[PDB]
Amino acid sequence: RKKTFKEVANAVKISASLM
Amino acid sequence: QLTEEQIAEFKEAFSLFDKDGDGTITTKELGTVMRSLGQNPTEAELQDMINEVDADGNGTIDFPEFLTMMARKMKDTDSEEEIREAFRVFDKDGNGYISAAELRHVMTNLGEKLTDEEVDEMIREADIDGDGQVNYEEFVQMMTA
Ligand SMILES: [Ca+2]
Ligand SMILES: [Ca+2]
Ligand SMILES: [Ca+2]
Ligand SMILES: [Ca+2]
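Per-chain numbering applies: from 1 upward along each written sequence, possibly unlike the entry's numbering, with residues missing coordinates excluded. Note on labels: chains are lettered from A, ligands numbered from 1, in written order. Excluded from the side-chain calculations are hydrogens and water; all other atoms, namely the structure's heavy atoms, are used.

As documented in the archive entry, the model was determined using X-ray crystallography at 2.05 Å resolution.

Describe the coordination of the calcium ion (ligand 4), naming the residues involved and giving the relevant values.
Residues and elements named next belong to chain B. Ligating atoms shown are N, O and S within 2.8 Å of the metal, or 3.2 Å for Na, K and Ca, and water is not included, meaning a site may look less than complete. All of the protein donors around the calcium ion (ligand 4) are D127 (OD), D129 (OD), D131 (OD), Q133 (O), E138 (OE) and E138 (OE); their distances to the metal are 2.3 to 2.6 Å. Any coordination sphere not matching a tetrahedral pattern (four donors, all angles between 85 and 135 degrees) or a square planar or octahedral pattern (four or six donors, opposite donors over 155 degrees apart, other angles between 65 and 115) is reported as irregular. Note that the calcium ion (ligand 4) binds six donor atoms; their angles at the metal cover 51 to 159 degrees, and the shape is irregular. We note that the donor set of the calcium ion (ligand 4) lies within a single chain, spaced as D-x1-D-x1-D-x1-Q-x4-E. Assessed through its relative accessible area of 5%, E138 is described here as buried. We call a residue buried when its accessible area falls under 20% of the maximum for its residue type, exposed when it is over 50%, and partly exposed in between, using a 1.4 Å probe and counting protein chains only.

Before we move on, can you summarise the packing of helix 1 (residues 5–15) of chain A against helix 5 (residues 79–90) of chain B with the specific residues and values?
The geometry of helix 1 of chain A relative to helix 5 of chain B is characterised by a closest axis approach of 8 Å and an angle of 105 degrees between their N-to-C directions. Between helix 1 of chain A and helix 5 of chain B, the crossing angle belongs to the class labelled roughly perpendicular. Contacts between helix 1 of chain A and helix 5 of chain B involve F5(A), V8(A), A9(A), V12(A) and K13(A) from the first element and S79(B), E82(B), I83(B), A86(B), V89(B) and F90(B) from the second. A class-by-class count of the residues in the contact of helix 1 of chain A with helix 5 of chain B yields eight nonpolar, one polar and two charged. To obtain an axis, a line is fitted to C-alpha atoms, over the contacting stretch when the element is a helix, and the angle between two such axes runs from 0 to 180 degrees between their N-to-C directions. The way it works is that DSSP assigns letters per residue, a run of H or I at least four long becomes a helix, a run of E at least two long becomes a strand, and they are numbered from the N terminus. Roughly parallel here means an angle under 35 degrees, roughly antiparallel means over 145, roughly perpendicular means 65 to 115, and every remaining angle is called oblique. Contacts were defined at the residue level, with two residues in contact if any of their heavy atoms lie within 4.5 Å. Classification used: nonpolar for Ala, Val, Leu, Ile, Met, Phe, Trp, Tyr, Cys and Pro, charged for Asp, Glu, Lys and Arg, polar for all others including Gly.

Please set out the domain arrangement of chain B residue by residue, giving values where relevant.
All names here are of chain B. Where each domain begins and ends is defined by an automated method or by a domain database. Partitioning chain B into structural domains gives domain 1 (3–76) and domain 2 (77–137). Listed per partner, the contact involves nine residues of domain 1 and nine residues of domain 2. In short, buried area is how much 1.4 Å probe accessible area vanishes from two parts on joining, totalled over both. The junction of domain 1 with domain 2 conceals about 700 Å² of combined surface from both sides, 55% of it contributed by carbon and sulfur atoms. Definition used for salt bridges: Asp or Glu carboxyl oxygen within 4 Å of a side-chain nitrogen of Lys or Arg. Between the two partners, domain 1 and domain 2, sit zero salt bridges. Polar contact is defined as a pair of N or O atoms within 3.5 Å, subject to the rule that within protein one atom must be able to donate a hydrogen and the other to accept it, and that residues adjacent in sequence are counted only when both atoms are side-chain atoms. Applying the counting rule to domain 1 against domain 2 returns one residue pair in polar contact.

Tell me about the coordination of the calcium ion (ligand 3), residues and numbers included.
Donor atoms from the polypeptide that bind the calcium ion (ligand 3) are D91(B) (OD), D93(B) (OD), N95(B) (OD1), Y97(B) (O), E102(B) (OE) and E102(B) (OE), placed at 2.2 to 2.5 Å. In this structure, the calcium ion (ligand 3) is surrounded by six donor atoms whose angles at the metal cover 53 to 157 degrees, and the resulting shape is irregular.

Could you give an account of the UniProt feature "binding site: Ca(2+) 2" in chain B, with specific residues and numbers?
Residue and element names in this part refer to chain B. With numbering aligned to this structure, UniProt lists the feature "binding site: Ca(2+) 2" at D54, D56, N58, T60 and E65. Assignment of secondary structure puts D54 in the loop between helix 3 (43–51) and helix 4 (63–73). Setting aside anything within four residues of it in sequence, one finds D54 in contact with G59, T60 and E65. Of note is the side chain of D54, whose polar atom sits 2.8 Å from the backbone nitrogen of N58. Look at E65 and you get buried, because its relative accessible area is 4%. UniProt positions are given in the numbering used here, feature names are shortened, and annotations may be inferred rather than shown by experiment.

As structure tokens, this is what we get:
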């Protein structure tokens, strides 16, 4: 429900793979 | 066969691109995120990216198409390298420490607006030496545990 660092960091890890 | 945590992470990733919460990723949003990550794609490349997974040919990427794109684009680069990249994204001034303010500014820039209380809490979730900041070693620990 409320965001954790892990969840958000992985979202960025996922998103950054487009580079 | 995916865990609700993983689904949550992919949904979160999707929302970072889908900044207007309209349900889809446009060349505009795809470009916005990539630019926010130090990249500089051309409109032609952004268009190519969407068309490669735009099964319903509506010019945009929906959730199932997003996952399709991600499933193949992260198989041409391993974890450690991706985790390292994410850290660089969070550690704006590159001083080796992700501060609370940096975490807040970064997520806001990506579309996830968080309070100072929330961010302080996130830092605490990964902080190991209790200095109120996250260094590469602590970050890697969180991303691999
Ligand atoms: Ca959108
Ligand atoms: Ca589509
Ligand atoms: Ca820093
Ligand atoms: Ca620390």
